[PDB]
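Close look at the chain arrangement
The primary structure of each chain is shown beneath.
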Amino acid sequence: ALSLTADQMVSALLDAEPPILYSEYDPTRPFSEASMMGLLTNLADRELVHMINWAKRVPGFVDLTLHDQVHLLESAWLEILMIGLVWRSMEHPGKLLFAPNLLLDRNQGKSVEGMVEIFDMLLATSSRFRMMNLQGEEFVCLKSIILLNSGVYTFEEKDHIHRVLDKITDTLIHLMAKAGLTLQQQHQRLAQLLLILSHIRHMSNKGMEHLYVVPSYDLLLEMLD
Amino acid sequence: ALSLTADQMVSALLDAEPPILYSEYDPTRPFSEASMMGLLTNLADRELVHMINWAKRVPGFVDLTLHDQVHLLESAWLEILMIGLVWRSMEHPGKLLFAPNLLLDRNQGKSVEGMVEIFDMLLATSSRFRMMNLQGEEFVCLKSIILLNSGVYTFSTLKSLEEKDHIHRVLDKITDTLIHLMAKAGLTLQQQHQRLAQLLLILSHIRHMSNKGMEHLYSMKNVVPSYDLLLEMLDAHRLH
Ligand SMILES: O=C(c1ccccc1)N1[C@H](c2ccc(OC[C@@H]3CCN(CCCF)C3)cc2)c2ccc(O)cc2CC12CC2
Ligand SMILES: O=C(c1ccccc1)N1[C@H](c2ccc(OC[C@@H]3CCN(CCCF)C3)cc2)c2ccc(O)cc2CC12CC2
């Protein structure tokens, strides 16, 4: 699984991308903020399926035991939803593209107490992506790093995960070298991208407090087939 | 500030290292679970004062506005406490070295509700440092990154923008320094960016523990250093 090349790594990651899901909002009925969280919960529940099937296609993931595959997914699912949302909303300044038929701004995000604080953190990350000019090849790499690194500190099983993590790091550097960046530009950009992952984790924790709901071990396992 | 060589970065960060503090000594008062949180709170408060002095000596930190210096320490003070604890406990498997005379295991962490969950995460990070053989020069770099990165996405004036641009230049200088250290230690170029990535990914877990811990301090609640308190220690005058 780790004999793939950097170019083959990106190729596998790109073709494994989940689809962009729509809201079940009846587009001819009056939209309402009281029903806003209903749409966002159903949407996220349906994105989790496609996320599971994306994870099995992350090179090296299915080499772990099913028990470990679940644990990483329990620990990373919210972070992956957020980085996906931030990615979709990247070309929509000041708004979050939850779905093509759910574009919200922070001024629709004050409907519930404790929401706009999370909203602004998501908007800030999207602005950071926009300044970074984050490439889709980098994005699928950052997303795979989240999947593998989120639950590794909460457990040969660990050593393999670290070999895949090192391999993704090789691929990120390969992209930056193929783009013409110098070596310092390469290790500076790699650093900047990984420091963003700290904010996404923080967003996840603060996100989870607001929601407190969590996908059970059995549900993630059923989805894993 | 930005002129410094990596070598000059490292000595500055090493010279700024706060001292290792102690809990109170008393041979007639045997350790009990009862006074633990009182000991730990007193130790945190005393460390916080020394943390301020270290922060002011992190190159480029006082170039920021005083208002943004506080927000960064508001955002990072707990992270810096834990990573300092993890560093002290690195050489002591299965224990957390809050002080040389306050070394605890997780059976003592079981005393307080919800504590052993964070206690076990701190030991896992200590073990992660152990199995990477984290060096002291890398340590002080990671601590400086936490100080500047943790609070930076949560500030948006024209001045706010040049603060953040300045922070990114310092963080860029630290990344250079980490690479220079790892190159100086004799790693190949692949192992350098692989180790840099391993180092920085730990910062994601340290953020995770800090949010976990912040939640736990509030479960039993004046828990956090306030803005005016942080400003007070930061906003020194020139009369000394
Ligand atoms: O609304 C919000 C939000 C809130 C405050 C500020 C900004 C955004 N969210 C959305 C959201 C809602 C409920 C939810 O709940 C957890 C699942 C629902 C039960 N699932 C378990 C089933 C158990 F019965 C898991 C998850 C995700 C959602 C949806 C899609 C997206 O791409 C991204 C997001 C982002 C965000 C994660 C922060
Ligand atoms: O016990 C714990 C702990 C808990 C659960 C699991 C494992 C460990 N901690 C210790 C701790 C306790 C209370 C505290 O409380 C907040 C300040 C005390 C009042 N301060 C505000 C008062 C001013 F208004 C701020 C801070 C720090 C402490 C001490 C020293 C250290 O180096 C590190 C730590 C780490 C840790 C932070 C997690």
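Residues numbered from 1 in each chain as written, not as in the entry; some residues may be left out. Chains lettered and ligands numbered in written order. Heavy atoms only, no water. Residues with missing side-chain atoms left out of burial classes, pairs and counts.

In its metadata, the entry names X-ray crystallography as the structure determination method and reports 2.19 Å as the resolution.

**Considering the overall build of chain A**
The helix and strand inventory of chain A stands at 8 helices and 2 strands. Against the globule reference of 17 Å for 225 residues, chain A gives a C-alpha radius of gyration of 18 Å, in line with a compact fold. Taking the principal axes of the C-alpha coordinates as reference, chain A spans close to 55 × 40 × 30 Å. (Helix = DSSP H or I, 4+ residues; strand = E, 2+ residues; numbered from the N terminus. Rg over C-alpha atoms; globule rule 2.2 N^0.38 Å.)

**A closer look at the interface of chain B and chain A**
Contact with chain B, which involves 29 residues of that partner, is made by 31 residues of chain A. Between chain B and chain A, roughly 2,900 Å² of surface is buried when both sides are summed, and carbon and sulfur atoms account for 58% of that area. The largest per-residue losses of area from chain B upon contact with chain A belong to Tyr153, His193 and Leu201 of chain B, which jointly make up 23% of the total buried on that side. Counting the contacts that link chain B with chain A gives 0 salt bridges. Seen at the junction of chain B and chain A, the total is 16 residue pairs in polar contact. (Contact = heavy atoms within 4.5 Å. Buried area = accessible area lost by both parts, 1.4 Å probe. Salt bridge = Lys/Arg side-chain N within 4 Å of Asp/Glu carboxyl O. Polar contact = N/O pair within 3.5 Å; in protein donor to acceptor, adjacent residues only side chain to side chain.)

**Quick word on the side chain of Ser23 of chain B**
The topology assignment puts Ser23 of chain B in the loop between helix 1 (6-15) and helix 2 (36-57). Contact partners of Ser23 of chain B, with chain neighbours within four places excluded, come to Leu39, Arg46, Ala99, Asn101 and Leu102 of chain B.

**Overview of the site of ligand 1**
All names here are of chain A. In the region of ligand 1, 19 residues are neighbours, and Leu40, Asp45, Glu47, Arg88 and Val213 sit closest. Here a nitrogen atom of ligand 1 and a side-chain polar atom of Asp45 are 2.7 Å apart. The separation between an oxygen atom of ligand 1 and a polar side-chain atom of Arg88 is 3.0 Å. Considered on its own, ligand 1 offers 740 Å² of accessible surface; in the complex 90% of this is hidden by protein. Tallied by class, the residues present in the shell around ligand 1 amount to 15 nonpolar, 1 polar and 3 charged. (Near = heavy atom within 4 Å. Areas by Shrake-Rupley, 256 points an atom, 1.4 Å probe, with all protein chains shown as cover. Nonpolar A, V, L, I, M, F, W, Y, C, P; charged D, E, K, R; others polar.)

**Considering the packing of helix 5 (residues 115-132) of chain B against helix 8 (residues 189-218) of chain B**
Residues and elements named next belong to chain B. Contact geometry for helix 5 and helix 8: axes closest at 10 Å, N-to-C directions at 165°. As the angle between them shows, helix 5 and helix 8 are arranged roughly antiparallel. Note on packing geometry: the crossing formed by helix 5 with helix 8 is left-handed. The segment helix 5 lies against helix 8, with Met115, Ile118, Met121, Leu122, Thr125, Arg128, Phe129 and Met132 engaging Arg195, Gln198, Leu199, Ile202, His205, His208, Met209, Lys212, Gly213 and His216. A breakdown of the residues in the contact of helix 5 with helix 8 according to their chemical character gives 9 nonpolar, 6 polar and 3 charged. (Axes fitted to C-alpha atoms, helices over the stretch in contact; angles between N-to-C directions. Parallel < 35°, antiparallel > 145°, perpendicular 65-115°, else oblique. Left-handed = near helix turned anticlockwise from the far one by under 90°.)

**Notes on the UniProt feature "binding site: 17beta-estradiol" in chain B**
Residues and elements named next belong to chain B. According to UniProt, the feature "binding site: 17beta-estradiol" maps to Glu47, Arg88 and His216 in the numbering used here. With respect to the secondary-structure elements, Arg88 resides in helix 3 (residues 66-88). Apart from residues no more than four positions distant in its own chain, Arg88 is found in contact with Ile20, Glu47, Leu97 and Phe98. Relative to the helices and strands, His216 resides in helix 8. Residue classification places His216 among the buried positions, given a relative accessible area of 11%. (UniProt positions renumbered as here; feature names shortened; annotations may be inferred. Buried < 20%, exposed > 50% of the residue type's maximum accessible area, 1.4 Å probe, protein only.)

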